[PDB]
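Before any questions on binding or motion, here is one chain by itself as structure tokens, the form deposited in one PDB entry.
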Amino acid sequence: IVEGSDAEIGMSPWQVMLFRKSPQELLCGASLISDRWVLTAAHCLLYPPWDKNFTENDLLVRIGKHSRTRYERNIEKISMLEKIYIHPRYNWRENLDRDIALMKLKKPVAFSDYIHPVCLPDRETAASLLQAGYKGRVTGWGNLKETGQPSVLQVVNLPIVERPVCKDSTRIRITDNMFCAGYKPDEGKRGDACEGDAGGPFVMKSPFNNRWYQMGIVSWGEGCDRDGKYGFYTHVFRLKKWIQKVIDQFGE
């Protein structure tokens, strides 16, 4: 995250970290939606142009963390992967549409004050909250600038942007399955998700039930915290039929 600030303990209990076994490296972020299902970006697990293509084996998910680094002794929980599920129609060559993947934990995690799950929106909340101007929460352990990493999980609140503006900032073929957020040039407030952030969540808090809903997945962009530019996120709502298909197919 660029232009954001230090999270607060237990402020993002569904914040999950996708970790590399060896080389032991952090590769992305993701969120917890049940005690055995984790959501992330497909490109976190499979992105050819990088010769990326991991298996439920090369990886580990670390749950309940604050430090980017310390082993948080009674506080974190290390988990193994059962199956990884990439969207049958996730396009990496062209626009990164349907940048989404589910991962089933070999074992269900035990909720705590630092571990608990975010909610996925229903039709109605999507219309309510997904409106140009409304703000979102994007948390990550990603870069502190386009071109380091924080000591602690970072948070930045940003507003959804209007379709046409999104389309006007980039040459990429923006689809119905993504959304854009960050400030406009004329608004003089910044912040954006940067590298090490995809998979991580874009959440909003309903004024109706006071629950956090996951409205997007940190996906992609041109640069980071660039005037005239917008962070792009996967439309969680939009791709729910599939999340739901694979879930009550392969777990729960």
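We number the residues from 1 along the sequence you see.
A.B. asks: Enter the number of deposited residues without atomic coordinates between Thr147 and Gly148, binned as none, 1 to 3, 4 to 9, or 10 or more.
C.D. replies: The entry has 4 to 9 unmodelled residues between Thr147 and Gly148.
A.B. asks: Would you determine, from the values in the PDB entry, which of 211-219 and 22-30 has the greater average C-alpha temperature factor?
C.D. replies: Taking the mean C-alpha B-factor of 22-30 and of 211-219, the larger value falls to 22-30.
A.B. asks: Comparing 89-97 with 130-138, which has the greater mean CA B-factor as deposited?
C.D. replies: Higher of the two, by average CA B-factor, is 89-97.
A.B. asks: Out of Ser112, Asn157, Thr170, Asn74, which residue has the highest Cα temperature factor in the PDB record?
C.D. replies: If I rank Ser112, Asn157, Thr170, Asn74 by C-alpha B-factor, first place goes to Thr170.
A.B. asks: Ranked by Cα temperature factor within the chain, is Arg70 in the lowest third, the middle third or the highest third?
C.D. replies: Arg70: CA B-factor falls in the middle third of its chain.
A.B. asks: Is the Cα B-factor recorded for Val118 in the lowest, middle or highest third of its chain?
C.D. replies: It falls in the bottom third of the chain.
A.B. asks: By the recorded C-alpha temperature factor, relative to the other modelled residues in its chain, which third is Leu45 in?
C.D. replies: Its C-alpha B-factor, which the entry lists for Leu45, ranks in the lowest third among residues of this chain.
A.B. asks: Sorting the chain's CA B-factors, does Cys194 end up in the lowest, middle or highest third?
C.D. replies: According to the entry, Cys194 has a C-alpha B-factor in the chain's middle third.
A.B. asks: Lowest, middle or highest third: where is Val38 by Cα B-factor in its chain?
C.D. replies: According to the entry, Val38 has a C-alpha B-factor in the chain's lowest third.
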